[PDB]
Structures are given as C-alpha cells and as structure tokens.
Amino acid sequence: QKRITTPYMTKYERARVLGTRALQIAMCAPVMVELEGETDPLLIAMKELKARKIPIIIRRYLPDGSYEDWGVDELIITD
Amino acid sequence: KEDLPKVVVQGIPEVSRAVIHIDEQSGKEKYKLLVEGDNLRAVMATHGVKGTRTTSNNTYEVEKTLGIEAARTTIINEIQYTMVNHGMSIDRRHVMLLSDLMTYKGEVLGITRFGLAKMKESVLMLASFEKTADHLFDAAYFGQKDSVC
Amino acid sequence: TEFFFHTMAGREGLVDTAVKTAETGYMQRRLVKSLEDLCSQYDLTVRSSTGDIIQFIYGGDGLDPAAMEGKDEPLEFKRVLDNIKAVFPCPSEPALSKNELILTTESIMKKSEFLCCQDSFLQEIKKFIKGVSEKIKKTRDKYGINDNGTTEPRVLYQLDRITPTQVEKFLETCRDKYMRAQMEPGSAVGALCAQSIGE
Amino acid sequence: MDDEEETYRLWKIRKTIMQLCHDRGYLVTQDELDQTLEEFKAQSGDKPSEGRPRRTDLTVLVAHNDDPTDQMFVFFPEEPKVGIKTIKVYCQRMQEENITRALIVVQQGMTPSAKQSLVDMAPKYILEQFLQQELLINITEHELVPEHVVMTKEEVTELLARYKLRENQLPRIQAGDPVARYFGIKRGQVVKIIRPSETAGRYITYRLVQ
Amino acid sequence: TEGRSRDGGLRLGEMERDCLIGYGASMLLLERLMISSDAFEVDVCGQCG
DNA sequence: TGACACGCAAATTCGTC
DNA sequence: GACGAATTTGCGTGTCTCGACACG
RNA sequence: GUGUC
Ligand SMILES: [Zn+2]
C-alpha cells in the first residue's frame, strides 16, 4: 500500500471538514480542546484544526472506485 | 453571348481575390500571398507557394484538409489573435481546455443546440437548455434510463 | 455645427452599450450550459459526468492559472533571489566561486525530498542557476579577484556575493511554491473557464 | 512547357507517396526517396506529354520490412475518369499472384458506384483510393501537425492498466480524416500524439481510432 | 411571491448559480435552493415508481 | 429580423440489357 | 437504343433572439 | 407599461 495522491490538504476538503466539525460540536459533542470563553462553535472549530486535534478521516475516491484513507493530522495545512 | 465572360480561362473558380504583402526588416524582405478563398487543398497544391507553410482561417477547411488534431491548433491561435488586439489577457490553459471539449469526440463541434445534443447524454439537462417537448417525447418514445449525476 | 458633430459620436456609444448586453449574456448562458460539469479527479485527470477522458493532464502541467507569477509561469527565479538576498544577510559567511557553486547546487539537489516533482522544472532551474554563475566569472575577472579568499580590497567581494546558506532556502522556497502552484484536485475547471471569456 | 509542370506535379506526388510508404514501415532505400529532377529524368523521359511515361508505367511494388511474405502495390489509372470494370481489371491483374494490398491514386473526380463496389468486397482484398490533387504536399510535415505514432496492442493494454480506464473512455478519432487515411488505420488502434513546445517541453497524448 | 407590496423575497438566477459552481461549494448551493426555498417530503414505491 | 441543421424533391449521368 | 439507380442543389419550415428591483 | 443599475 503506497499513496499516489498529493499530501497537501485541499481547501475543498478543509472547508467541508470545518463545516462538519462545526455542525457536530453544536450537537453537544465532546470538545477536543479547552476552549476560551467564546460562542459560535465555528470560531473554535478552526482552533482544533490549527492544533491538529480533529478525529476525522478523509476518504478520497478514484474514478475506477479505489478508496484512499487519509488523516487530518497526517495532512499538511498551509496558509 | 452572356456566359462566355462567365467561363473562366484559368485559376480556381471559388478563389475570389489575392494580394501580395511586403514584410520588411533591417535588411530582410519577404512577399507573402494572401488568398481570399476556402479551397485550401487547391491553393496549396501548386508550384509557386510553399505547400508546407500555408495556413487558413476556416476551421472546417483545415479540418477536412489537414485533419482533426491540426484543427485544434488553428482554433487556439484564432482565439488568441482576437484577444490580443483588444488588450485583454487570458491564459493558454483556458483556451486549451475549451479546444479539447469539441475534439475528443472525433468531430469538431460547435456550442449550439445541435452540438450540445450530440456531446452530452442527459435528457432533462438537454431539455433545460432548448426545446423541452421534443426531448421529453423522444425520451418517452425510446424509454431509456437516466442516472442523475 | 461642431456641437452636432460632437453629439453624433456620443450617440454612437450610447446605442452600442445598450445592445452588447443581449448577445453577450446569450453567449455566456450558451457557453456555461456546455461546460459546467468538467471536474478534475484525484489522479490528475479531467472527466465529465460519464467517465470519459477529456484530457490526460489539464493544460499539460497541472497548474492553476490563477496562482502564477510571470506571464504564464509558476514563479520568477530572479525575483525570489533578489528577495532572499537581503532578508537573510550575515557577513560571517564567506563567498565562493562558480565551479564550487555548481557542485554544491547539484549536490543539494540530489536529495530524498527533491525527487517528487517534474524534472522539467529541475532543468528549468538548472538553466537559471547555471546562468548566474556566468555573471559571476565576468565580474570576477572584470576587476581582478582571486577566489582563494585573501585580497586586501574588501569591497570588491560585495558586488555579487552568493553564500551557500541562502542558496538552499531559495531552492526550498521555489520548490515549495511549485508544490502549491499545482491545481487542486477537485476544482471545477469547466465552470471556471466558462466565465473567463465572459467579461 | 506545360508538360514540364505536369512532370513536376507527378514527381511531387511520387516523392510524397514514397515518403508515406517509408514512414508507414515499408523498406525503401534513401536514393529512391531522395531523387532529384535529373535523376528522375534518366529513369523516365519527359516528352511527349504522357507518351513514354504512361500511367500504367507508374506501378510501384513495395515490400514489407518486418514481414518478408508481404508485398503492396500502388498504381495510377491511365484514364482521367474512373469506371467500374476499369478498377476490376487492375484488381484481378495483381490478384493473380499472391497480392492483397494495393493503392489507387485517382487522377480526377471519383465515381460513387465504383467506391460502393469497392466497399462491397473486403474479406480478402483491400483497395484504398487517393486523389492526385490531395497528394501534392506532405501532411505530417506541413506546419503544425503534431507527431503521430500508431501503437501496438501490448502497449495499449499496459496503457489501459496504467490509468485504469476502458477504450470507450479514450477519446475517439475518425477513420476518414486525412491523417488516419494516410497512416491507414481503422477501428481498434490507439495513436500516440507528441505535442511539441519550447516553454516546458513536449507532451504525450493518447487517442483511439473509430 | 413577487414584489415588495406583497412582502416577497429575492430571486437567485442562473448567473449567480454559476458563481457558486465555479467556486465548488455544494452545501450552500443546496441549502439556499432546497432547504430555505421549498423542502418537501414525498413518498413513492419500489415495485413501480 | 440573422443561423444553418433536418427533410422533400427534381434535373441529370454512368451503367448494363 | 432505352430503363433502373444514385448525386448535387434550389427550396420548404421551427426557436429563440442577458439579469434585477420599485409603482400603478 | 414606466423608472434605476
Ligand atoms: Zn406501488
């Protein structure tokens, strides 16, 4: 098993992961960080990504039907 | 008495008018032939003009004379020649991607109702562009299945 | 008579800005309806809804036209060198000649990380790194300078000084910019190119 | 001096045909490819108009280079206008020995019933037509025709296994375009296209023949 | 409905949809066309559609 | 009030009995 | 010499021909 | 139908 995909984290997947985490944290989810006093869980959803503490696995599908598993902690976040 | 002048004596009948252009440089001089016609295979298959170095403006003429792979290059230079006299700036890749959309089928297509009817394969999509009744009735008559993607 | 001839041309442009909108919007909505599902896959391939192969590699390089530096190019090598030459100044490091610069460049390039990109970009940067060395020798035999590093005129070594520490960061920065210059897998290329000829 | 221009037009089409047979894969030596005007004058006389150099005299027999037991003909109808039996006589003229592959270089316009009868019989013998007006300039070496190479099946199978796709996914090309008729490739073959450029380099593309 | 005299809303045409398509966002494109405009729950059968 | 892609149809030529 | 077959060309018809807001 | 972009 060897990965044939770019390791850089796309913005298309970054946005969807951020949205999923923001929607899940607002569902009375256990936080993976000690947050400051602040509302709008969308604002703190980026904090977990900056600290690489998001338990989400990205499954990339190929045209043939091949599945590739990637970790948010394994991806490279660049900005 | 009315058709003797109409009868040609020489040349290519559909070829209309030709002019010679003088292109100069520091010490260089060239004479380039500008032919106003469409029959590229006939104006190039002569003795004087150099048959290898001769280009046309009609996409269909270069498509039927040279080929389909050679018609995707004359359409990239044609678009870029229309954008540089306007002072606009487009990148080569935007034109190269559009030039490959109407050439991967095998035929040089145009973006109209008939060309879109031939390039794509979705019923309700084709119905949401132009005439709805025709496409819907054809789909109902044929009775094929459509995977919405 | 002059006012009439002046207002004749004012009506030439006022009737032209009223008609352009119609056929322009028509050609725009005719061009979008054909290119709106062309997407890039994760194996550097653009396909339509069916699965057909449109192009094996978008453009030929797989680079986003938006993020580019210089008339079509990923990045300019002279400008990044001009930037990194002044942001990291340290006189403690001495200078070097061209015959050693070439070996250092080709020694640091043959690494485990640099063997991931196209060798065309590597030859393109080898054409620029080689050309900088020819500029150094002409300036060195211009005034007369020995490269052993002992000559009492001290300012003659500050004309074009190239140190091996700041040349590694330049290579790393340009190679990393070439990584981000690649178009992202999943971008809608058809809809993006459909509107580029609109305005 | 009109026959001089006719002989020039004939030498042009002869050289183009030789270059085509050479690029296809047939075995021809260089001096036959690179023959000058005076070198052509010593083999075939120019005057009178079409006397000593008859069109029946122009009938070239090329040999396949990789496969010895294979020979191809290419000939010129003596007649300006083509008929039905006028092609059948030349078909049965070279059908008699062991030959299957021949080319017709048609001088002027073509008969539709003739081409229909041509497309009627292709189990054993294949005859392909070429207009003399069409074969007066090299098509691959013109200005902007990217380098095409017809590939093999052992390579197209690994190409399909490379990108994990099917032949239907590959872009299709016509069978009646001048390039395909030049290389003589009908359905079931992939062509590689080398697109040159001096910005980054040259790119590789693959196409299917329909 | 149409118009302010009846307290209506705004229209989202195709040219503004093309801007959302060129970006590549699918969640918001579906949220403000199906979730906030008209969300309906229908039932059909598997034997005959 | 421009665009040409579809059919529908009549004048005309190579061909074989 | 006379009849069936297939080609090229003048002529018939259908579809639209950018967006948004406000008032009567 | 009128008015603005
Ligand atoms: Zn039911």
# chains A, B, ... in the order shown; residues from 1 in each chain; ligands from 1
>>> residues_near_ligand(ligand="ligand 1", cutoff="9 Å", atoms="only C-alpha atoms (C1' of nucleotides) and all ligand atoms", output="list in words")
residues 44, 45, 46, 47, 48 and 49 of chain E
>>> write_last_selection(atoms="N, CA, C and O atoms", output="CSV table (one decimal), in the first residue's frame")
chain,number,residue,atom,x,y,z
E,44,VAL,N,-42.8,7.4,-2.6
E,44,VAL,CA,-43.0,6.6,-3.8
E,44,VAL,C,-42.8,5.1,-3.4
E,44,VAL,O,-42.5,4.7,-2.3
E,45,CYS,N,-43.0,4.3,-4.4
E,45,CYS,CA,-42.9,2.8,-4.3
E,45,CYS,C,-41.7,2.2,-5.1
E,45,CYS,O,-41.2,2.8,-6.0
E,46,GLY,N,-41.2,1.1,-4.6
E,46,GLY,CA,-40.1,0.4,-5.2
E,46,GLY,C,-40.5,-0.5,-6.4
E,46,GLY,O,-39.8,-0.6,-7.4
E,47,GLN,N,-41.7,-1.1,-6.3
E,47,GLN,CA,-42.2,-2.0,-7.3
E,47,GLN,C,-42.4,-1.2,-8.6
E,47,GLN,O,-41.8,-1.6,-9.7
E,48,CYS,N,-43.2,-0.2,-8.6
E,48,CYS,CA,-43.5,0.7,-9.7
E,48,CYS,C,-43.3,2.1,-9.2
E,48,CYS,O,-44.0,2.6,-8.3
E,49,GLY,N,-42.4,2.8,-9.9
E,49,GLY,CA,-42.1,4.2,-9.5
E,49,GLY,C,-43.3,5.1,-9.8
E,49,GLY,O,-43.6,5.4,-10.9
>>> select_by_dssp(residues="chain B", states="strand (DSSP E)", output="JSON, numbers by chain")
{"B": [17, 18, 19, 20, 21, 22, 23, 24, 29, 30, 31, 32, 33, 34, 35, 36]}
>>> residues_around(residues="residue 10 in chain F", least_positions_apart="2", cutoff="10 Å", atoms="only C-alpha atoms (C1' of nucleotides)", output="PDB file with C-alpha atoms (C1' of nucleotides), in the first residue's frame")
ATOM      1  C1'  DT F  12     -29.012  14.698 -64.739  1.00  0.00           C
TER       2       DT F  12
ATOM      3  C1'  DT G   9     -28.684  21.663 -55.363  1.00  0.00           C
ATOM      4  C1'  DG G  10     -32.872  25.038 -55.027  1.00  0.00           C
TER       5       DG G  10
END
>>> closest_atom_pairs(of="chain B", to="chain G", cutoff="12 Å", atoms="only C-alpha atoms (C1' of nucleotides)", output="Markdown table")
| residue | atom | partner | partner_atom | distance |
| --- | --- | --- | --- | --- |
| B:113 | CA | G:15 | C1' | 10.1 |
| B:129 | CA | G:16 | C1' | 11.1 |
| B:130 | CA | G:15 | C1' | 8.2 |
| B:131 | CA | G:15 | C1' | 7.8 |
| B:132 | CA | G:15 | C1' | 11.4 |
| B:134 | CA | G:14 | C1' | 11.6 |
>>> write_last_selection(atoms="N, CA, C and O atoms", output="mmCIF file, in the first residue's frame")
data_model
loop_
_atom_site.group_PDB
_atom_site.id
_atom_site.type_symbol
_atom_site.label_atom_id
_atom_site.label_comp_id
_atom_site.auth_asym_id
_atom_site.auth_seq_id
_atom_site.Cartn_x
_atom_site.Cartn_y
_atom_site.Cartn_z
ATOM 1 N N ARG B 113 -27.441 24.193 -29.968
ATOM 2 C CA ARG B 113 -28.388 23.176 -29.525
ATOM 3 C C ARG B 113 -28.061 21.812 -30.126
ATOM 4 O O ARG B 113 -28.102 20.795 -29.423
ATOM 5 N N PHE B 129 -32.251 23.371 -21.689
ATOM 6 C CA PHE B 129 -31.433 24.277 -22.486
ATOM 7 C C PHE B 129 -32.222 24.844 -23.659
ATOM 8 O O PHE B 129 -32.206 26.056 -23.902
ATOM 9 N N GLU B 130 -32.916 23.971 -24.394
ATOM 10 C CA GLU B 130 -33.677 24.375 -25.572
ATOM 11 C C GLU B 130 -34.961 23.547 -25.545
ATOM 12 O O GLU B 130 -35.332 23.061 -24.481
ATOM 13 N N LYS B 131 -35.655 23.393 -26.680
ATOM 14 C CA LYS B 131 -36.982 22.782 -26.773
ATOM 15 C C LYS B 131 -37.177 21.598 -25.831
ATOM 16 O O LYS B 131 -36.399 20.638 -25.850
ATOM 17 N N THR B 132 -38.218 21.670 -24.999
ATOM 18 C CA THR B 132 -38.458 20.657 -23.976
ATOM 19 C C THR B 132 -39.311 19.511 -24.505
ATOM 20 O O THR B 132 -39.051 18.341 -24.194
ATOM 21 N N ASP B 134 -39.745 18.210 -27.537
ATOM 22 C CA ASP B 134 -39.070 17.272 -28.429
ATOM 23 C C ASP B 134 -38.229 16.273 -27.644
ATOM 24 O O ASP B 134 -38.346 15.057 -27.835
#
>>> interface_residues(of="chain D", to="chain F", cutoff="12 Å", atoms="only C-alpha atoms (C1' of nucleotides)", output="MDAnalysis selection string")
chainID D and resid 81:85 110:114
>>> closest_atom_pairs(of="chain D", to="chain B", cutoff="7 Å", atoms="only C-alpha atoms", output="Markdown table")
| residue | atom | partner | partner_atom | distance |
| --- | --- | --- | --- | --- |
| D:133 | CA | B:45 | CA | 6.9 |
| D:134 | CA | B:41 | CA | 6.7 |
| D:136 | CA | B:45 | CA | 5.4 |
| D:137 | CA | B:51 | CA | 6.0 |
| D:139 | CA | B:66 | CA | 6.6 |
| D:141 | CA | B:52 | CA | 6.7 |
| D:142 | CA | B:52 | CA | 4.0 |
| D:143 | CA | B:53 | CA | 5.8 |
| D:144 | CA | B:70 | CA | 6.4 |
| D:145 | CA | B:70 | CA | 5.2 |
| D:171 | CA | B:104 | CA | 4.8 |
| D:172 | CA | B:106 | CA | 5.3 |
| D:173 | CA | B:106 | CA | 4.3 |
| D:174 | CA | B:106 | CA | 5.5 |
| D:177 | CA | B:67 | CA | 5.6 |
| D:178 | CA | B:67 | CA | 5.8 |
| D:179 | CA | B:67 | CA | 6.1 |
>>> residues_around(residues="residue 65 in chain A", least_positions_apart="4", cutoff="12 Å", atoms="only C-alpha atoms (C1' of nucleotides)", output="list in words")
residues 59, 60 and 61 of chain A; 41, 42, 43 and 51 of chain C; 164 and 165 of chain D
>>> interface_residues(of="chain C", to="chain G", cutoff="8 Å", atoms="only C-alpha atoms (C1' of nucleotides)", output="NGL selection string")
:C and (21-26 or 29)
>>> atom_distance(atom1="CA of residue 7 in chain A", atom2="CA of residue 75 in chain A")
6.0 Å
>>> closest_residue(among="D:194, D:204, D:87, D:170", to="chain C", atoms="only C-alpha atoms")
D:170
>>> residues_around(residues="residue 38 in chain C", least_positions_apart="6", cutoff="9 Å", atoms="only C-alpha atoms (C1' of nucleotides)", output="compact mmCIF listing (two decimals) with C-alpha atoms, in the first residue's frame")
# COMPACT_ATOMS: atom_id res chain seq x y z
CA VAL C 46 -10.30 15.83 -16.04
CA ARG C 47 -13.50 13.93 -16.85
CA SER C 48 -17.19 14.55 -17.46
CA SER C 49 -20.23 13.00 -15.77
CA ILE C 54 -11.21 14.66 -21.87
CA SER C 187 -11.68 22.11 -8.85
CA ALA C 188 -14.41 22.83 -11.41
CA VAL C 189 -12.33 23.70 -14.47
CA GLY C 190 -15.25 23.89 -16.91
CA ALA C 191 -17.28 26.44 -14.98
>>> closest_atom_pairs(of="chain D", to="chain C", cutoff="9 Å", atoms="only C-alpha atoms", output="Markdown table")
| residue | atom | partner | partner_atom | distance |
| --- | --- | --- | --- | --- |
| D:163 | CA | C:43 | CA | 8.4 |
| D:165 | CA | C:53 | CA | 8.6 |
| D:166 | CA | C:52 | CA | 8.9 |
| D:168 | CA | C:52 | CA | 7.2 |
| D:169 | CA | C:52 | CA | 4.1 |
| D:170 | CA | C:53 | CA | 5.4 |
| D:171 | CA | C:53 | CA | 6.3 |
| D:200 | CA | C:120 | CA | 6.4 |
| D:201 | CA | C:120 | CA | 7.3 |
| D:202 | CA | C:60 | CA | 8.9 |
| D:203 | CA | C:60 | CA | 6.7 |
| D:204 | CA | C:56 | CA | 8.6 |
| D:205 | CA | C:56 | CA | 6.9 |
| D:206 | CA | C:56 | CA | 8.2 |
>>> atom_distance(atom1="CA of residue 117 in chain D", atom2="CA of residue 91 in chain D")
12.0 Å
>>> residues_around(residues="residue 21 in chain E", least_positions_apart="4", cutoff="9 Å", atoms="only C-alpha atoms (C1' of nucleotides)", output="number ranges by chain")
C: 36, 188, 191-192; E: 16-17, 25-26, 29
>>> write_last_selection(atoms="C-alpha atoms", output="CSV table (one decimal), in the first residue's frame")
chain,number,residue,atom,x,y,z
C,36,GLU,CA,-20.5,23.1,-16.1
C,188,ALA,CA,-14.4,22.8,-11.4
C,191,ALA,CA,-17.3,26.4,-15.0
C,192,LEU,CA,-14.1,28.4,-14.2
E,16,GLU,CA,-25.3,33.8,-9.6
E,17,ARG,CA,-25.5,30.0,-9.5
E,25,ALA,CA,-19.4,24.8,-2.9
E,26,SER,CA,-22.2,22.2,-2.8
E,29,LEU,CA,-25.8,25.7,-3.1
>>> interface_residues(of="chain A", to="chain E", cutoff="12 Å", atoms="only C-alpha atoms", output="list in words")
residues 11, 12, 13, 14, 15, 16, 17, 19 and 20 of chain A
>>> write_last_selection(atoms="N, CA, C and O atoms", output="compact mmCIF listing (two decimals), in the first residue's frame")
# COMPACT_ATOMS: atom_id res chain seq x y z
N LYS A 11 -8.23 22.99 0.02
CA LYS A 11 -9.21 23.87 0.63
C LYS A 11 -10.63 23.33 0.50
O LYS A 11 -11.47 23.60 1.37
N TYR A 12 -10.91 22.56 -0.56
CA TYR A 12 -12.23 21.97 -0.73
C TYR A 12 -12.55 20.99 0.39
O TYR A 12 -13.67 20.97 0.91
N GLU A 13 -11.58 20.17 0.79
CA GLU A 13 -11.78 19.27 1.92
C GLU A 13 -11.64 19.98 3.25
O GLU A 13 -12.32 19.60 4.21
N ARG A 14 -10.79 21.01 3.33
CA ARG A 14 -10.66 21.78 4.56
C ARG A 14 -11.99 22.42 4.93
O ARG A 14 -12.42 22.36 6.09
N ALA A 15 -12.67 23.04 3.96
CA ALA A 15 -13.95 23.68 4.23
C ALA A 15 -15.01 22.68 4.68
O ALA A 15 -15.76 22.95 5.62
N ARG A 16 -15.08 21.52 4.03
CA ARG A 16 -16.10 20.53 4.39
C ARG A 16 -15.81 19.94 5.77
O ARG A 16 -16.74 19.70 6.55
N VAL A 17 -14.54 19.69 6.08
CA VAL A 17 -14.19 19.18 7.40
C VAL A 17 -14.52 20.21 8.47
O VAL A 17 -15.05 19.88 9.54
N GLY A 19 -16.84 22.53 8.28
CA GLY A 19 -18.29 22.57 8.41
C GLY A 19 -18.84 21.39 9.19
O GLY A 19 -19.72 21.55 10.04
N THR A 20 -18.32 20.19 8.92
CA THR A 20 -18.77 19.00 9.64
C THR A 20 -18.44 19.11 11.13
O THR A 20 -19.25 18.77 11.99
>>> decode(residues="chain F", atoms="N, CA, C and O atoms (P, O5', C5', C4', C3', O3' and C1' of nucleotides)", output="PDB file, in the first residue's frame")
ATOM      1  P    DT F   1     -37.750  43.892 -40.840  1.00  0.00           P
ATOM      2  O5'  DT F   1     -36.728  42.744 -40.396  1.00  0.00           O
ATOM      3  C5'  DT F   1     -35.343  43.044 -40.268  1.00  0.00           C
ATOM      4  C4'  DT F   1     -34.600  41.926 -39.558  1.00  0.00           C
ATOM      5  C3'  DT F   1     -34.289  40.694 -40.415  1.00  0.00           C
ATOM      6  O3'  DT F   1     -32.972  40.239 -40.130  1.00  0.00           O
ATOM      7  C1'  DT F   1     -35.390  40.035 -38.468  1.00  0.00           C
ATOM      8  P    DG F   2     -31.780  40.460 -41.185  1.00  0.00           P
ATOM      9  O5'  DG F   2     -30.508  39.802 -40.468  1.00  0.00           O
ATOM     10  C5'  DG F   2     -29.679  38.888 -41.184  1.00  0.00           C
ATOM     11  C4'  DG F   2     -28.749  38.144 -40.240  1.00  0.00           C
ATOM     12  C3'  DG F   2     -28.363  36.753 -40.693  1.00  0.00           C
ATOM     13  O3'  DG F   2     -27.232  36.317 -39.948  1.00  0.00           O
ATOM     14  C1'  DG F   2     -29.927  36.593 -38.944  1.00  0.00           C
ATOM     15  P    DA F   3     -26.184  35.281 -40.584  1.00  0.00           P
ATOM     16  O5'  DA F   3     -25.667  34.437 -39.325  1.00  0.00           O
ATOM     17  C5'  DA F   3     -26.604  33.819 -38.442  1.00  0.00           C
ATOM     18  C4'  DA F   3     -26.439  32.309 -38.455  1.00  0.00           C
ATOM     19  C3'  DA F   3     -26.593  31.667 -39.829  1.00  0.00           C
ATOM     20  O3'  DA F   3     -25.322  31.205 -40.282  1.00  0.00           O
ATOM     21  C1'  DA F   3     -28.262  30.828 -38.302  1.00  0.00           C
ATOM     22  P    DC F   4     -25.156  30.568 -41.747  1.00  0.00           P
ATOM     23  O5'  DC F   4     -25.483  29.018 -41.529  1.00  0.00           O
ATOM     24  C5'  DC F   4     -24.825  28.289 -40.498  1.00  0.00           C
ATOM     25  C4'  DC F   4     -25.643  27.080 -40.077  1.00  0.00           C
ATOM     26  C3'  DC F   4     -25.803  26.000 -41.143  1.00  0.00           C
ATOM     27  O3'  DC F   4     -25.876  24.726 -40.521  1.00  0.00           O
ATOM     28  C1'  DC F   4     -27.917  26.812 -40.558  1.00  0.00           C
ATOM     29  P    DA F   5     -24.959  23.513 -41.040  1.00  0.00           P
ATOM     30  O5'  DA F   5     -25.596  22.229 -40.329  1.00  0.00           O
ATOM     31  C5'  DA F   5     -25.780  22.214 -38.917  1.00  0.00           C
ATOM     32  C4'  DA F   5     -27.143  21.649 -38.556  1.00  0.00           C
ATOM     33  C3'  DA F   5     -27.517  20.362 -39.295  1.00  0.00           C
ATOM     34  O3'  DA F   5     -27.840  19.330 -38.368  1.00  0.00           O
ATOM     35  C1'  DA F   5     -29.271  21.985 -39.461  1.00  0.00           C
ATOM     36  P    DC F   6     -28.005  17.817 -38.881  1.00  0.00           P
ATOM     37  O5'  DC F   6     -29.574  17.678 -39.164  1.00  0.00           O
ATOM     38  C5'  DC F   6     -30.045  16.779 -40.165  1.00  0.00           C
ATOM     39  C4'  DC F   6     -31.559  16.831 -40.255  1.00  0.00           C
ATOM     40  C3'  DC F   6     -32.146  16.342 -41.568  1.00  0.00           C
ATOM     41  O3'  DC F   6     -32.343  14.931 -41.527  1.00  0.00           O
ATOM     42  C1'  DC F   6     -33.127  18.421 -40.970  1.00  0.00           C
ATOM     43  P    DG F   7     -32.530  14.098 -42.889  1.00  0.00           P
ATOM     44  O5'  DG F   7     -33.992  14.506 -43.407  1.00  0.00           O
ATOM     45  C5'  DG F   7     -35.145  14.172 -42.636  1.00  0.00           C
ATOM     46  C4'  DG F   7     -36.362  14.948 -43.114  1.00  0.00           C
ATOM     47  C3'  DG F   7     -36.970  14.450 -44.426  1.00  0.00           C
ATOM     48  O3'  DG F   7     -38.389  14.449 -44.343  1.00  0.00           O
ATOM     49  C1'  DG F   7     -36.389  16.736 -44.631  1.00  0.00           C
ATOM     50  P    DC F   8     -39.253  13.541 -45.348  1.00  0.00           P
ATOM     51  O5'  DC F   8     -39.342  14.417 -46.685  1.00  0.00           O
ATOM     52  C5'  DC F   8     -40.043  15.655 -46.675  1.00  0.00           C
ATOM     53  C4'  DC F   8     -40.232  16.187 -48.088  1.00  0.00           C
ATOM     54  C3'  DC F   8     -40.205  15.132 -49.194  1.00  0.00           C
ATOM     55  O3'  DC F   8     -41.234  15.406 -50.138  1.00  0.00           O
ATOM     56  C1'  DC F   8     -38.598  16.799 -49.645  1.00  0.00           C
ATOM     57  P    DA F   9     -41.455  14.450 -51.410  1.00  0.00           P
ATOM     58  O5'  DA F   9     -40.699  15.215 -52.593  1.00  0.00           O
ATOM     59  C5'  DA F   9     -41.059  16.554 -52.914  1.00  0.00           C
ATOM     60  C4'  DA F   9     -40.150  17.115 -53.992  1.00  0.00           C
ATOM     61  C3'  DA F   9     -39.925  16.190 -55.191  1.00  0.00           C
ATOM     62  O3'  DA F   9     -40.036  16.924 -56.403  1.00  0.00           O
ATOM     63  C1'  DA F   9     -37.849  16.844 -54.274  1.00  0.00           C
ATOM     64  P    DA F  10     -40.752  16.265 -57.682  1.00  0.00           P
ATOM     65  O5'  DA F  10     -39.879  16.781 -58.919  1.00  0.00           O
ATOM     66  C5'  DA F  10     -39.799  18.173 -59.201  1.00  0.00           C
ATOM     67  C4'  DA F  10     -38.465  18.521 -59.837  1.00  0.00           C
ATOM     68  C3'  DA F  10     -38.120  17.729 -61.098  1.00  0.00           C
ATOM     69  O3'  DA F  10     -37.473  18.577 -62.040  1.00  0.00           O
ATOM     70  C1'  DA F  10     -36.435  17.410 -59.484  1.00  0.00           C
ATOM     71  P    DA F  11     -37.436  18.184 -63.598  1.00  0.00           P
ATOM     72  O5'  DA F  11     -35.897  18.363 -63.998  1.00  0.00           O
ATOM     73  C5'  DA F  11     -35.268  19.631 -63.850  1.00  0.00           C
ATOM     74  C4'  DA F  11     -33.758  19.508 -63.966  1.00  0.00           C
ATOM     75  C3'  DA F  11     -33.264  18.691 -65.156  1.00  0.00           C
ATOM     76  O3'  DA F  11     -32.107  19.297 -65.715  1.00  0.00           O
ATOM     77  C1'  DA F  11     -32.515  17.695 -63.131  1.00  0.00           C
ATOM     78  P    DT F  12     -31.484  18.734 -67.084  1.00  0.00           P
ATOM     79  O5'  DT F  12     -30.387  17.681 -66.595  1.00  0.00           O
ATOM     80  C5'  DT F  12     -29.412  18.067 -65.634  1.00  0.00           C
ATOM     81  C4'  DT F  12     -28.501  16.903 -65.296  1.00  0.00           C
ATOM     82  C3'  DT F  12     -28.127  16.015 -66.485  1.00  0.00           C
ATOM     83  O3'  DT F  12     -26.733  15.741 -66.472  1.00  0.00           O
ATOM     84  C1'  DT F  12     -29.012  14.698 -64.739  1.00  0.00           C
ATOM     85  P    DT F  13     -25.974  15.346 -67.831  1.00  0.00           P
ATOM     86  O5'  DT F  13     -25.108  14.066 -67.424  1.00  0.00           O
ATOM     87  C5'  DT F  13     -24.206  14.140 -66.327  1.00  0.00           C
ATOM     88  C4'  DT F  13     -23.817  12.752 -65.849  1.00  0.00           C
ATOM     89  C3'  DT F  13     -23.325  11.804 -66.943  1.00  0.00           C
ATOM     90  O3'  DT F  13     -22.216  11.056 -66.467  1.00  0.00           O
ATOM     91  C1'  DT F  13     -25.133  10.821 -65.797  1.00  0.00           C
ATOM     92  P    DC F  14     -21.159  10.421 -67.497  1.00  0.00           P
ATOM     93  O5'  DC F  14     -20.923   8.944 -66.932  1.00  0.00           O
ATOM     94  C5'  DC F  14     -20.498   8.763 -65.588  1.00  0.00           C
ATOM     95  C4'  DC F  14     -20.826   7.363 -65.098  1.00  0.00           C
ATOM     96  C3'  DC F  14     -20.448   6.235 -66.056  1.00  0.00           C
ATOM     97  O3'  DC F  14     -19.863   5.166 -65.326  1.00  0.00           O
ATOM     98  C1'  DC F  14     -22.744   6.092 -65.522  1.00  0.00           C
ATOM     99  P    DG F  15     -19.390   3.827 -66.077  1.00  0.00           P
ATOM    100  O5'  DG F  15     -20.674   2.879 -65.998  1.00  0.00           O
ATOM    101  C5'  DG F  15     -21.325   2.674 -64.751  1.00  0.00           C
ATOM    102  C4'  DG F  15     -22.453   1.670 -64.891  1.00  0.00           C
ATOM    103  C3'  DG F  15     -22.210   0.574 -65.930  1.00  0.00           C
ATOM    104  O3'  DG F  15     -22.573  -0.691 -65.395  1.00  0.00           O
ATOM    105  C1'  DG F  15     -24.260   1.664 -66.367  1.00  0.00           C
ATOM    106  P    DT F  16     -21.803  -2.018 -65.872  1.00  0.00           P
ATOM    107  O5'  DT F  16     -22.980  -2.984 -66.360  1.00  0.00           O
ATOM    108  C5'  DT F  16     -24.034  -3.321 -65.467  1.00  0.00           C
ATOM    109  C4'  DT F  16     -25.327  -3.575 -66.224  1.00  0.00           C
ATOM    110  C3'  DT F  16     -25.271  -4.720 -67.237  1.00  0.00           C
ATOM    111  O3'  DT F  16     -26.486  -5.456 -67.199  1.00  0.00           O
ATOM    112  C1'  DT F  16     -25.922  -2.738 -68.324  1.00  0.00           C
ATOM    113  P    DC F  17     -26.517  -6.997 -67.656  1.00  0.00           P
ATOM    114  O5'  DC F  17     -27.865  -7.114 -68.508  1.00  0.00           O
ATOM    115  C5'  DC F  17     -29.116  -6.797 -67.907  1.00  0.00           C
ATOM    116  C4'  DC F  17     -30.157  -6.462 -68.962  1.00  0.00           C
ATOM    117  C3'  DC F  17     -30.354  -7.527 -70.041  1.00  0.00           C
ATOM    118  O3'  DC F  17     -31.738  -7.677 -70.330  1.00  0.00           O
ATOM    119  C1'  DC F  17     -29.797  -5.466 -71.048  1.00  0.00           C
TER     120       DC F  17
END
